[PDB]
Amino acid sequence: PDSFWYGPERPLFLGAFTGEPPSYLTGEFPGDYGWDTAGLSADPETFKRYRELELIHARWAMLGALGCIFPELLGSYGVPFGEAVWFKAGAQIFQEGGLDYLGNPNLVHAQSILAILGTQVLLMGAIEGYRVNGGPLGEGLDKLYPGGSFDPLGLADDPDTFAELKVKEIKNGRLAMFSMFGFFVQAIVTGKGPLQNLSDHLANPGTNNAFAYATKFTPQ
Amino acid sequence: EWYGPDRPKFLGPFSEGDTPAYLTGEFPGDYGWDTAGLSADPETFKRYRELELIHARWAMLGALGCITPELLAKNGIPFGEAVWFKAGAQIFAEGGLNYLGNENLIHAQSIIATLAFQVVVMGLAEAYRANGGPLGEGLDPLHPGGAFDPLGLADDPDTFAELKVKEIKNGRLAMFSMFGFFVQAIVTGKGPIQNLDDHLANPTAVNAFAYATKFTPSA
Amino acid sequence: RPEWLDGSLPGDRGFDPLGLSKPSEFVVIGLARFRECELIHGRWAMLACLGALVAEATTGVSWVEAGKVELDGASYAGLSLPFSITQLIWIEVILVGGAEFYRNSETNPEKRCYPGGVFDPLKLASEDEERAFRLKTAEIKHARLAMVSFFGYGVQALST
Ligand code: CHL
Ligand code: CHL
Ligand code: CLA
Ligand code: CLA
Ligand SMILES: CC1=C[C@H](O)CC(C)(C)[C@H]1/C=C/C(C)=C/C=C/C(C)=C/C=C/C=C(C)/C=C/C=C(C)/C=C/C1=C(C)C[C@H](O)CC1(C)C
Ligand SMILES: CC1=C[C@H](O)CC(C)(C)[C@H]1/C=C/C(C)=C/C=C/C(C)=C/C=C/C=C(C)/C=C/C=C(C)/C=C/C1=C(C)C[C@H](O)CC1(C)C
């Protein structure tokens, strides 16, 4: 296309020091900064599969980051969750009262983990089978951008706006995946919720940073 | 059935909509599961098939070797240590590692001697497998046959192909089970047979989820 | 048999003593709508009858009594719900109004009475001319039965 994010004049991941990007990264796909130093996308089929994997990971991680942030914020403000922290919310089902959505005893009130696992397995199996092979909500649609019933508001009719929104989606998804990797590492190292880590850093930025835990995993 | 375009797939009714084009179905165990696109290049596909089959055979042997001593000990054989993941320390025991408990069998004491012997022997064997040696040269890399098929159970090509499918399927099952062995040993800390007995005792209460907060971050 | 009972419709039974559907000449100085009205009233009648019977069987509280206990405390199938009467009525009016407003926006009376489509999961309608008509007559007959049954229930509720 003819836009700032496509073609040979697109921005690249090393600024002026990037040089010439790899030949197969011609710049016809969203979020193409020409960063394939490892050379894992030489084969176009592998490139397509990696693009699909990246997009699915991006959407899942956007959802995951939002769902990790929101309950802890609400619990900090005062909502009585069973376990507000993202990496502890799974253990609520072992509590005597069971899992309670929003802390209310009349919302969901789940008791058995086996039923949750079984229903999730069935529903998600059907969902992903429909995603791979066309189902009730469209049959002959694109694998990554089905549109149709999944774009009710008609935000992707204009091809130029469609490309712009694709770039925005991929960029926000990459940011979300980076932040989710940060979530995992901070949970492993610090042991507190991400909002707790942010509050601690804001309280004393000079000392409450990552280096404070640097001497945590040293062997003895 | 098996080889052919109308073959069983890994997603059942949801698979024929999207399957890799390079997986025609001329090889055993071709369920059309290459969602990651790691076998687009045929040479890499061949190397991955070789790796898969070697892992399959090794995991079959490993599953049998993990199960048999524990079951025999349950039947009442005085083993030094029934659990597979603690069986390696028997060499450090004061009495040494004895086959089937009896001190007149093997009675090994030194780990260095057995490790060196294994290194030399397996180096020679794997070099012969990679290049070709006394047991045939220039044969099929994965199914040499000949001196490695003394019983001649795969002379008929269709029977040979069906047996190849059975081999790869049993091997995939064995590798899955060995991964389960590793994870269960890491988490539970008991032998697989002990895990099965405990699950059979109280199926609803004791299971994997019981050890769910095992690795929760501290501090 | 009345002349205006042209037949070819599921509810043809020769019952119209007062000539409500009888066309009349006019001077200046429709059966489809009435069939749709009977259809909708009967559908709601069977829904109400089944709900009342199930409620009487399971929890045992009288259908006429339902609402007084709900206002004091909301509960469905013996399980409590976190809804007050205000939120309940607001959700009900919004959802029912949306469903209604989508319902009447159909210029075609045949689809107005018989939308089919997503509302028919199994391909039972198809293009059959006899079996589909027979099951349509079955629906209309059960609708009439449910309407008269619920009228009897309402009559028995009073003076008791
Ligand atoms: C001109 C200067 C310039 C420089 C130096 C970079 C550098 C980088 N950019 Mg780029 N950019 C630059 C200009 C621009 N970038 C971009 C847009 C982007 C995007 C969208 C992305 C990048 C990314 C990257 C990274 C790709 C290489 C990498 O993965 O590093 C890896 C190596 C390092 C970061 C160095 C190691 C860090 C540290 C010094 C060592 C760690 C020390 C630890 C204490 C030791 C570890 C502890 C152990 C024990 C566990 C890299 C950091 C990518 C990225 O962020 O990946 C991470 C990426 O997605 N850039 C734009 C807008 C068009 C630019 C404009 O000029
Ligand atoms: C029609 C339904 C149907 C569905 C949904 C599947 C789906 C599957 N088949 Mg298939 N099959 C189906 C029909 C058939 N299969 C086969 C033959 C085969 C074979 C031979 C194989 C498969 C395999 C698979 C799996 C591919 C792996 C995968 O996609 O990971 C996606 C799935 C998951 C990631 C599961 C996630 C489970 C759970 C929801 C998440 C767990 C949550 C944890 C608690 C998270 C905790 C985090 C921890 C780590 C910190 C997948 C489960 C392969 C397999 O078994 O690999 C494992 C395989 O080898 N199928 C036949 C015979 C013709 C079928 C007949 O209809
Ligand atoms: C699983 C996630 C995933 C996947 C499949 C891809 C896949 C792809 N990316 Mg994307 N990307 C991701 C995550 C991912 N990326 C994240 C998190 C970022 C932000 C840092 C980016 C930023 C990015 C840019 C800026 C560009 C790409 C490009 C590409 C393409 C070529 C690179 C390649 O061969 O990927 C193969 C990828 C894998 C085999 C996944 C390996 C993942 C390893 C195992 C994780 C561990 C290593 C990692 C460095 C850990 C540190 C994480 C963080 C601290 C850096 C390919 C379609 C280029 C392109 O052509 O765009 C279309 C391009 O310009 N990506
Ligand atoms: C190391 C073992 C190994 C190896 C090398 C292969 C290799 C292959 N398999 Mg096999 N497979 C395996 C294990 C393995 N598989 C297991 C355990 C199962 C049972 C789940 C299967 C089931 C299976 C089916 C049903 C099919 C294949 C197919 C293929 C081919 C294409 C897929 C591909 O690119 O794989 C490349 C593989 C790798 C690069 C290995 C990387 C492994 C990384 C490290 C991840 C491993 C850990 C992972 C998280 C485990 C998750 C599952 C866990 C619960 C066990 C290729 C020759 C397809 C084919 O064409 O048949 C010929 C096919 O239809 N495989
Ligand atoms: C580019 C390139 C190039 C060259 O050549 C080479 C290389 C370097 C290799 C490459 C790179 C790559 C990379 C970087 C990657 C990364 C990735 C990631 C990080 C992802 C994530 C990703 C991430 C993700 C998905 C995430 C997800 C999440 C989730 C789901 C979550 C969920 C949840 C929640 C909500 C909360 C609750 O409470 C619980 C739970 C349930 C848990
Ligand atoms: C398919 C596909 C496709 C897409 O595309 C991508 C992907 C996904 C990547 C792919 C997948 C893959 C996979 C799954 C893999 C897995 C594997 C395994 C598990 C292996 C194991 C494997 C395993 C194994 C070998 C095992 C082995 C074992 C052994 C030796 C053991 C031994 C022993 C014994 C006897 C016992 C004693 O006491 C001790 C000892 C001496 C120690």
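Residues numbered from 1 in each chain as written, not as in the entry; some residues may be left out. Chains lettered and ligands numbered in written order. Part of a larger assembly, values for the part shown. Heavy atoms only, no water.

Looking at the entry header, you'll see cryo-EM listed as the method and 2.90 Å as the resolution.

Let's talk about the coordination of the magnesium atom of ligand 3
Six octahedral donors around a metal ideally subtend angles of 90 or 180 degrees, whereas four tetrahedral donors ideally subtend 109.5 degrees. What counts, and what does not: Donor atoms: N, O and S within 2.8 Å of the metal, or within 3.2 Å for Na, K and Ca. Because water is excluded, sites can look incomplete. Each helix is a run of DSSP H or I of at least 4 residues and each strand a run of E of at least 2, with the numbering of both proceeding from the N terminus.
Donation to the magnesium atom of ligand 3 from the protein comes from one atom only, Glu54 of chain A (OE), at 2.2 Å. Here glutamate 54 of chain A lies in helix 1 (residues 44-77).

Description of the side chain of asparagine 98 of chain B
Short version of the rule: Burial classes: relative accessible area under 20% of the type maximum marks a residue as buried, over 50% as exposed, and values in between as partly exposed (1.4 Å probe, protein chains only).
With respect to the helices, strands and loops of the structure, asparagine 98 of chain B is situated in the loop between helix 1 (42-75) and helix 2 (111-131). Take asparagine 98 of chain B: its relative accessible area is 13%, and that puts it in the buried class.

Overview of the site of ligand 1
Residue and element names in this part refer to chain A. The line we're drawing: Here a residue counts as near a molecule or strand whenever at least one of its heavy atoms sits within 4 Å of it. Definition of a polar contact: a pair of N or O atoms within 3.5 Å, with one able to donate and the other able to accept a hydrogen when the atoms are protein atoms, and with sequence-neighbouring residues admitted only if both atoms are side-chain atoms. We call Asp, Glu, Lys and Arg charged. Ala, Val, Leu, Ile, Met, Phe, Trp, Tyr, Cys and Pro are nonpolar, and the rest, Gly among them, are polar.
Contacts to ligand 1 come from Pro11, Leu12, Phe13, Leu14, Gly15, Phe17, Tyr33 and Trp35. Between ligand 1 and the protein, one listed contact pairs a nitrogen atom with a backbone N or O atom of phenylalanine 13 at 3.0 Å. Partitioned by chemical class, the residues of the shell around ligand 1 number seven nonpolar, one polar and no charged.

Re the side chain of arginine 7 of chain B
Residues and elements named next belong to chain B. For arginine 7, the position within the fold is in the segment before helix 1. Residue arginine 7 is classed as buried on the basis of its relative accessible area, which comes to 8%. Separated by 3.2 Å, the side chain of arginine 7 and the backbone oxygen of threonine 24 make a polar contact.

Some words on the coordination of the magnesium atom of ligand 1
The sole protein-derived ligand of the magnesium atom of ligand 1 is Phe13 of chain A (O), positioned 2.2 Å away. Within the secondary structure, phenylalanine 13 of chain A sits in the segment before helix 1.

With respect to the arrangement of the chains
Applicable threshold: It only takes one pair of heavy atoms within 4.5 Å for two residues to be counted as in contact.
When the two pairs of chains in contact are compared, the highest contact count belongs to chains A and B. Separated in space, chain B and chain C share no contact, their closest pair of C-alpha atoms being 20 Å apart.

Let's talk about the environment of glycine 138 of chain B
All names here are of chain B. Here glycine 138 is to be found in the loop between helix 2 and helix 3 (157-187). A relative accessible area of 77% places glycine 138 in the exposed class. Along the sequence, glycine 138 and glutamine 90 sit 48 residues apart, while their C-alpha atoms lie 41 Å from each other.

Looking at the site of ligand 3
All names here are of chain A. Neighbouring ligand 3 are 19 residues, the closest being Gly31, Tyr33, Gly34, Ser41 and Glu54. Here an oxygen atom of ligand 3 sits 3.0 Å away from a polar atom, N or O, in the main chain of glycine 31. Within the side chain of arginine 174, a nitrogen or oxygen atom sits 3.3 Å from an oxygen atom of ligand 3. Counting only elements with at least two residues in the shell around ligand 3, the list comes to helix 1 and helix 3 (159-189).

Let's talk about unusual backbone geometry
Residues and elements named next belong to chain A. Even without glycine at this site, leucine 102 takes up a positive phi of about 60°. Inspection of the secondary structure puts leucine 102 in the loop between helix 1 and helix 2 (113-132). The class for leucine 102 is partly exposed, based on a relative accessible area of 34%.

Observations regarding the state of the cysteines
Residues and elements named next belong to chain C. So the rule is basically this: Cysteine sulfur atoms are paired as a disulfide whenever they fall within 2.5 Å.
Going through the model one piece at a time under the given rule, you end up with zero disulfides over all chains. In this structure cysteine 37 is a free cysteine whose sulfur lies 8.6 Å from that of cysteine 113, the closest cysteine sulfur available. The partly exposed category is assigned to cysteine 37, whose relative accessible area is 39%.

Observations regarding the interface of chain A and chain B
Applied cut-off: Put simply, buried area is the surface a 1.4 Å probe can reach on two separate parts but cannot reach once they are joined, added for both. Salt bridges are identified by distance alone: a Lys or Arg side-chain nitrogen within 4 Å of an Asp or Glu carboxyl oxygen.
Each side of the interface is counted separately: chain A has 21 residues, and chain B has 22 residues. Roughly 1700 Å² is buried in total at the junction of chain A and chain B, and carbon and sulfur atoms are behind 64% of that figure. Seen at the junction of chain A and chain B, the total is zero salt bridges. If you look at where chain A meets chain B, you find three residue pairs in polar contact. When contributions to the side of chain A that touches chain B are tallied by element, the ones reaching two or more residues are helix 1, helix 2 and helix 3 of chain A. Top element by residues in the side of chain A that touches chain B is helix 2 of chain A. It accounts for six residues.

Thoughts on a nonpolar patch on the surface
Stated precisely, the cut-off is as follows: Like charges are joined within 9 Å and nonpolar side chains (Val, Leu, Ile, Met, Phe, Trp, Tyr) within 5 Å, but only among residues with over 30% relative accessible area and no salt bridge; these make up the patches. Reported accessibility uses the Shrake-Rupley method at a 1.4 Å probe radius. Residues are deemed covered only where the shown protein chains occlude them.
Taken together, the side chains of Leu72, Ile77, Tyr99, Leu100, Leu105 and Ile106 of chain B define a hydrophobic patch exposed on the protein surface, amounting to about 510 Å² of accessible area. Looking at the secondary structure, you find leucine 105 of chain B in the loop between helix 1 and helix 2.

A closer look at the packing of helix 1 of chain A against helix 3 of chain A
All names here are of chain A. Operational definition: Axis definition: a line fit to C-alpha positions, over the contact stretch in the case of helices; interaxial angles, taken between N-to-C directions, run 0 to 180 degrees. Orientation labels follow simple angle bins: below 35 degrees gives roughly parallel, above 145 gives roughly antiparallel, 65 to 115 gives roughly perpendicular, and whatever is left gives oblique. Crossing handedness is defined as follows: a turn of the near helix away from the far one that is anticlockwise and smaller than a right angle gives a left-handed crossing, while the clockwise case is right-handed.
Where helix 1 meets helix 3, the closest approach of the two axes is 8 Å, and the angle between their N-to-C directions is 55°. In terms of their interaxial angle, helix 1 and helix 3 are classed as oblique. Every pair of crossing elements has a handedness; the one defined by helix 1 and helix 3 is left-handed. Facing helix 1, whose interface residues are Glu54, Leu55, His57, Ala58, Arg59, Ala61, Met62, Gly64, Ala65, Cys68 and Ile69, helix 3 presents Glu169, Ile170, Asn172, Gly173, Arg174, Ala176, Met177, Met180 and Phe183.

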